[PDB]
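First comes the structure, then the notes that go with it.
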Amino acid sequence: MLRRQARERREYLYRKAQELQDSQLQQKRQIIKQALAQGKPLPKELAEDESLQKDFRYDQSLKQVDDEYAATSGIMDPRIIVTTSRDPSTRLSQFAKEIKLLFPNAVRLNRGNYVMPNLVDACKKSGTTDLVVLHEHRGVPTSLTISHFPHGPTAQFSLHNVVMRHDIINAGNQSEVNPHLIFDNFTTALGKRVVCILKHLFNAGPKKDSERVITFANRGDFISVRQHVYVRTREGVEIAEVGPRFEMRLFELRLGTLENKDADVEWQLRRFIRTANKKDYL
Amino acid sequence: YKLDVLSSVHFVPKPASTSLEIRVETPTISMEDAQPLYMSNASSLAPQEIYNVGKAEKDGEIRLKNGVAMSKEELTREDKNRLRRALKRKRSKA
Amino acid sequence: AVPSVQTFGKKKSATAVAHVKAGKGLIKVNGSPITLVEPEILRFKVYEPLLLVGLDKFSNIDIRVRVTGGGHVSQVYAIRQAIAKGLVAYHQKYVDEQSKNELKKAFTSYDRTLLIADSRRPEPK
Amino acid sequence: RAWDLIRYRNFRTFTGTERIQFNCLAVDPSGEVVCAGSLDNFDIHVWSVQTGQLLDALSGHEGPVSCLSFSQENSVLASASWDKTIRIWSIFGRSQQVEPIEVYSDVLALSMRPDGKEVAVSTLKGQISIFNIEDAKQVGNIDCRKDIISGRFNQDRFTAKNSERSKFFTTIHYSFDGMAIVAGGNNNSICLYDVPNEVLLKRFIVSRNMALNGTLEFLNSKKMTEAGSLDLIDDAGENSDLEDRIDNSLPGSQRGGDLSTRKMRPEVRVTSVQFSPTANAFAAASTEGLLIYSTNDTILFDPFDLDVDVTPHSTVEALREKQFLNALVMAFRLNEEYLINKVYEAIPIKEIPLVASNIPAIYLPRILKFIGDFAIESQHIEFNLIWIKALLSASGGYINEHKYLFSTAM
Amino acid sequence: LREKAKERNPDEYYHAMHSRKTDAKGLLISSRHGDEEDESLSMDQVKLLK
Amino acid sequence: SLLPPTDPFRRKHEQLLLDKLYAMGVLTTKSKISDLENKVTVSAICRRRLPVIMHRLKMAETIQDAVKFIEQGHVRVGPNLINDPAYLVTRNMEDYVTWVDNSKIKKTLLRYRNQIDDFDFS
RNA sequence: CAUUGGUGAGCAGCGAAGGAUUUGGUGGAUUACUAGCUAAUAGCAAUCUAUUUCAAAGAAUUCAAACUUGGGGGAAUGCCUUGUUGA
RNA sequence: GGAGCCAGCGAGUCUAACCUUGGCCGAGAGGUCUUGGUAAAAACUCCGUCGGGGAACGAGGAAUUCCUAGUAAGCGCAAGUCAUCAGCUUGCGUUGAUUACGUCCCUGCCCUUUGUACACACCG
RNA sequence: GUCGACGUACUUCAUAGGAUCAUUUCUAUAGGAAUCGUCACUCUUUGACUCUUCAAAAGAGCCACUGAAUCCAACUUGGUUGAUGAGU
């Protein structure tokens with residue numbers, strides 16, 4: 001089993017290497033597509049070539073969800089396990105419970121006397137899609153790690169401006185309807201990665217008249233999450249906020265599972281660079 | 446075929462498949478094989494298959510699917526209203 | 003050759019290596035005889051396999067046990083599992099299969115943790 | 412696929428979700444839940460029967476899941492997998508929970524008892540273990556390696572004393588009373604066992620056939636010469652025909668297609684076994700078709716509590732002197748089918764209620780067996796009906812207590 | 051080195067496993083000598099040297 | 062190829078064949094249908110064979126020695142062993158090829174690692 | 001101190017005109033045992049040849065015949081088919 | 001108070017305080033000695049001994065929060081990884097429990113009220 | 001905010017002459033060297049063969065009869081007036 005996942009990761013890495021060295025080839029085939037589409041001069045290298053002009057029949061016959077999620081995007085509704093750091097604190101326990109309530113298809117795991125590799129392998133043995141692990145400081149929640157399990161990716165965000173729902177008000181209970189999502193101002197390929205990981209973190213295939221909205225807006229590289237219930241009036245549709253609110257911020261992104269600590273870093277927040285204050289998303 | 450019997454027929458199979466198959470009534474004795482006995486004796490068709498109650502032919506009468514036929518002449522108007530609402534929810538799904 | 007056999011025993015995070023070879027009828031655990039294991043209430047739990055089976059079968063052999071890691075109760079369960087599987091292996095290798103089977107039946111009917119350990123992996127729902 | 416033996420039609424076809432190939436199948440006693448397991452994705456799929464969707468994907472066996480079955484009398488699922496593991500799933504009762512049990516070697520055969528309380532699992536290391544299922548302890552095991560006769564292939568290079576291609580068990584099944592096990596492997600032999608005394612009854616060699624490979628285990632120094640064992644010499648050229656000359660064999664074809672595609676000899680291996688619910692016969696499906704072995708108490712004589720006086724002569728004498736209970740009890744004690752048939756055909760109806768009521772409990776199974784056989788090949792339908800009516804009305808609740816004791820004759 | 055340690059592949063057979071031997075700690079022992087013949091002098095050679 | 066390009070028959074059939082070959086093991090990269098035409102070699106099939114898989118997984122030492130081992134009967138595919146040396150193996154059984162227990166080979170291996178555990182008589 | 005490393009000196013015990021190891025050749029086995037040869041209802045078996053020759057029996061696809069070819073391209077001249085020219 | 005004995009992550013020519021007392025050396029710069037005061041495996045087992053606090057305080061009400069096995073709790077050792085954390089944060093090992101594993105009756109939540117899916121059965 | 005016109009910067013291409021080899025003679029040139037019924041020796045390369053190292057794994061298996069080799073014990077013979085060992 002574990003061997004099967006091992007050689008799986010091997011074959012995925014090899015296909016990535018071939019994809020890199022075939023990007024340029026895809027470009028040359030697209031150019032030849034355009035040339036046959038409209039007769040034009042053909043440029044120097046592809047003009048002089050013999051193998052390309054020979055094998056371009058199958059190639060003409062040739063011809072988007074990210075690859076780590078690709079087979080099971082919208083078929084099997086994902087299952088998530090949310091667990092606490094180590095010898096938990098009580099404020100953190102309440103807030104992790106709130107996160108479990110916030111998502112659907114979620115179950116909670118107290119952690120005392122565990123180790124990271126044993127936990128992650130046990131979760132893979134059980135068969136679980138997605139994992140959330142929480143870290144705090146003095147009651148205040150501050151750090152969150154998301155993983156996708158079949159050697160998928162992990163993201164690590166910090167999270168600051170948290171307020172628990174009960175400490176907003178002693179209100180009542182949520183509805184837990186399969187919610188909705190709005191994604192604002194996302195630009196980069198990194199932005200597409202994070203909207204992809206969060207979309208596959210939610211439930212898949214909601215209704216047409218579901219009455220809970222969950223937002224995601226980029227406000228100066230600080231992903232602000234809110235949650236409101238809405239009921240459609242005739243002229244101004246009223247939104248009642250419920251569920252916790254907190255300011256979330258990316259800082260690192262691994263291409264392995266969270267237990268690895270030495271996978272391929274596909275992004276990492278640069279701090280002490282000359283233009284750190286300058287750029288956005290960098 | 447030659448590839449699989451080469452390669453020890455363990456493969457990953459054909460993805461998805463649909464095609465309508467007709468069936469005709471000739472009883473199960475002729476359906477089964479050539480041998481001096483028999484095993485099942487009813488028709489190869491079900492009663493629901495050879496006849497379910499069809500939706501009503503003439504226009505002023507209503508056939509439900511459980512065999513209670515009504516007309517628009519022997520109905521009280523409230524039950525007329527109920528029947529219209531039931532057809533409404535049926536055509537609302539369909 | 004010297005007719006010999008080797009086995010392992012394992013509680014949660016400890017290791018119990020057991021050599022078993024033909025000899026004069028002794029026990030040795032960490033270079034000290036087995037009247038001197040420490041916890042002194044679980045000494046009987048260490049004694050358990052011998053007192054389950056009998057004593058002559060341990061009168062005609064030689065054990066050498068070395069344990070590392072773990073804590074008290076973990077080491078103790080480790081030693082008892084190691085002695086069990088080692089005795090069964092020696093019987094399987096050099097004397098009759100029927101004796102091996104009656105040994106195995108008496109053990110597993112008593113308590114299966116002697117012959118197979120349970121490394122406790124969790125169940126997530 | 413479902414199949415209905417009344418209108419001969421696969422009314423429902425259940426599928427996988429990424430289309431993996433299948434190896435084992437198991438069905439709830441109530442025709443409600445059908446579960447299946449593979450060896451390529453090691454997740455037990457399970458469909459509802461009432462609608463052709465797939466209900467759920469049971470998970471938790473690292474590596475392939477080979478055998479499945481059901482405890483019907485409390486309806487639990489048992490899975491047996493190359494994980495070295497046995498899992499027991501409770502899938503109803505709104506808990507849906509697990510219990511695992513480890514076995515020393517990779518298990519590959521599984522069966523349940525009709526009591527639903529004991530599960531017999533068979534390893535690869537030749538052991539056949541038997542568990543209580545309510546608590547997880549190991550009740551009874553039998554080492555079963557040594558009495559398995561493996562052949563030595565002409566294409567081999569070792570001996571049958573060293574080989575390990577067949578020193579295990581493919582398939583297990585329980586007998587319906589709960590006492591005996593049939594076990595069959597890729598060997599040459601079917602073994603038959605008793606569970607409580609944990610000692611086998613017999614070894615059965617399936618086919619003493621030179622043409623198949625794995626029958627003999629000692630080959631002939633006459634045959635093997637200084638170039639090859641003479642049975643790897645292709646004689647396709649010797650044939651006086653083209654259809655016999657050519658082949659189609661592909662290199663290393665195993666488990667596929669016809670036999671012409673194999674430049675090798677067809678191996679012999681008992682593939683599946685089951686007892687009979689309707690008699691003590693048992694059937695073994697092997698590479699040469701189906702074998703069926705039965706019993707004959709007309710040809711044996713295993714009497715029960717004899718004495719110097721009980722005798723065919725005295726039994727016929729008491730029959731003509733009209734003490735029918737004594738005549739019947741004597742003939743049952745002698746257990747000769749012809750005497751039993753004699754007293755059963757000669758006694759009259761106006762003693763049937765009393766006699767049937769005062770037959771005793773130890774002989775009840777024998778008389779039920781005999782009425783079954785005689786009736787299904789006889790001609791006195793009304794007579795045998797009167798007997799079965801009287802016997803059932805006499806000792807109905809007693810059968811209901813010892814249901815498992817008469818579960819093979821009823 | 052750590053990634054090799056991940057993909058150990060625990061089934062291999064290198065024939066040096068008949069000649070190498072290993073501590074219980076796991077570490078691979080090696081000789082101060084190097085050769086295959088001077089592991090231990092025998093009694094004839096010790097008679098000569100003495 | 063001789064079919065016209067934009068037929069869904071053509072597309073779906075070629076893609077299905079590419080699934081079949083990529084699961085079979087002969088061709089490596091699933092995307093270039095040119096490499097369907099041009100990479101398919103008897104060398105590729107014969108390297109999907111059994112003994113090359115041993116030299117792949119570093120079971121045996123070199124390929125001839127692997128052929129000696131499979132002929133001598135020490136190596137099993139899943140639950141049964143193999144004697145026909147010319148076994149083809151796909152990826153999903155490359156996952157399960159291993160040495161047979163209580164072989165002197167596995168004995169030597171775990172002895173060098175000092176981990177023979179003769180309760181299993183490995 | 002332990003050595004489950006190497007060698008080598010001696011006992012305790014086992015013990016009938018010796019003991020231990022290795023290796024070649026050969027015989028019988030390794031499927032259920034009706035005798036040898038030939039021109040074969042007989043004869044031979046020390047040999048069939050100076051009876052072993054005659055007669056009878058018997059000639060369709062008017063010559064049907066690569067079921068067998070590694071894959072894409074074509075083949076001057078050969079080869080096969082198709083028509084045609086002249087005897 | 002003795003005495004017995006048990007773990008696991010970790011290794012960048014890299015890992016670390018303060019002021020004070022004076023002698024001597026030198027043009028110094030400062031150097032060296034001298035001197036006083038302040039910040040920084042354990043539980044386990046066994047044996048031997050003993051039997052209110054320097055004015056608040058003797059296990060912490062009303063309410064309220066969480067949790068169903070390597071979990072609650074207890075005990076320590078290590079690090080300090082481009083965001084957070086030194087008033088701490090995160091790793092690892094040790095020891096390892098009581099009580100539920102059923103239920104929709106209350107509290108809330110959802111889904112379905114059209115057999116639609118192909119036998120037999122069930123309802124209609 | 002995209003695109004047209006300009007302006008401007010950048011990337012990109014020719015090759016010629018002479019020789020030789022290629023048609024089972026002959027690449028087109030007469031400027032160029034090659035025809036034979038073998039007798040012996042040395043050297044060198046390449047392998048078959050028997051053994052074998054690095055370093056194994058497995059045995060067409062049983063029994064009997066007749067041979068051999070090795071090592072012990074036992075015996076004989078030589079030996080402190082010197083056997084074994086050891087680079088003028």
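Protein chains in written order, with the deposited numbering: chain CJ, 1 to 63, 72 to 290; chain CK, 446 to 539; chain DQ, 3 to 127; chain UA, 412 to 821; chain UK, 51 to 100; chain CI, 62 to 183. We put the beta carbon where it would ideally sit given N, CA and C, even for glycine.
Should residue i be labelled buried (16 or more other beta-carbon atoms within 10 Å of its own) or exposed?
{"i": "residue 441/UA", "result": "exposed"}
{"i": "residue 138/CJ", "result": "buried"}
{"i": "residue 106/DQ", "result": "buried"}
{"i": "residue 86/CJ", "result": "buried"}
{"i": "residue 276/CJ", "result": "exposed"}
{"i": "residue 86/DQ", "result": "buried"}
So, with DSSP's three-state summary, where would you put residue i?
{"i": "residue 222/CJ", "result": "strand"}
{"i": "residue 491/CK", "result": "coil"}
{"i": "residue 510/UA", "result": "strand"}
{"i": "residue 419/UA", "result": "coil"}
{"i": "residue 124/CI", "result": "helix"}
{"i": "residue 414/UA", "result": "coil"}
{"i": "residue 824/UA", "result": "Absent from the model: residue 824/UA. The displayed extent of chain UA is 412 to 821, so no value can be given."}
{"i": "residue 788/UA", "result": "coil"}
For the alpha helix (DSSP H) that residue i lies in, which residues bound it at each end?
{"i": "residue 51/DQ", "result": "45 to 55"}
{"i": "residue 527/CK", "result": "522 to 538"}
{"i": "residue 190/CJ", "result": "Run containing residue 190/CJ: none in the alpha helix (DSSP H); it sits in the beta strand (DSSP E), 188 to 192."}
{"i": "residue 172/CI", "result": "165 to 173"}
Figure out for me which residue from the options has the closest Cα to the Cα of residue i.
{"i": "residue 547/UA", "options": "565/UA, 561/UA, 528/UA", "result": "528/UA"}
{"i": "residue 117/DQ", "options": "124/DQ, 73/DQ, 123/DQ, 108/DQ", "result": "108/DQ"}
{"i": "residue 60/UK", "options": "79/CI, 133/CI, 180/CI, 169/CI", "result": "169/CI"}
{"i": "residue 462/UA", "options": "423/UA, 435/UA, 488/UA", "result": "423/UA"}
{"i": "residue 102/CJ", "options": "94/CJ, 173/CJ, 152/CJ", "result": "173/CJ"}
{"i": "residue 73/UK", "options": "178/CI, 173/CI, 183/CI", "result": "173/CI"}
{"i": "residue 734/UA", "options": "611/UA, 765/UA, 777/UA", "result": "765/UA"}
{"i": "residue 581/UA", "options": "572/UA, 518/UA, 625/UA, 567/UA", "result": "518/UA"}
Considering residue i, what are the terminal residues of the beta strand (DSSP E) in which it resides?
{"i": "residue 515/CK", "result": "514 to 516"}
{"i": "residue 694/UA", "result": "693 to 697"}
{"i": "residue 613/UA", "result": "611 to 616"}
Is it the case that the region 475 to 495 of chain UA contacts the region 440 to 458 of chain UA, given that we only count it when at least three CB pairs across the two stretches are under 8 Å? yes
Three or more C-beta pairs closer than 8 Å, one from the region 710 to 725 of chain UA and one from the region 737 to 753 of chain UA: is that the case here? Short answer: they touch.
Whether or not the region 225 to 235 of chain CJ and the region 251 to 262 of chain CJ are in contact is what I'm after, with contact meaning three or more pairs of Cβ atoms, one per stretch, closer than 8 Å; do they touch? yes
Between the region 81 to 99 of chain CI and the region 151 to 160 of chain CI, do three or more beta carbon pairs fall short of 8 Å? yes
Taking three-plus beta-carbon pairs below 8 Å as touching, is the region 13 to 22 of chain DQ in contact with the region 60 to 76 of chain DQ? Yes, the region 13 to 22 of chain DQ touches the region 60 to 76 of chain DQ.
Touch check for the region 182 to 191 of chain CJ and the region 262 to 279 of chain CJ: three-plus C-beta pairs under 8 Å? Put simply, the region 182 to 191 of chain CJ does not touch the region 262 to 279 of chain CJ. Fewer than three CB pairs are less than 8 Å apart.
Is the region 131 to 143 of chain CI in contact with the region 565 to 580 of chain UA, if contact means three or more CB pairs nearer than 8 Å? yes
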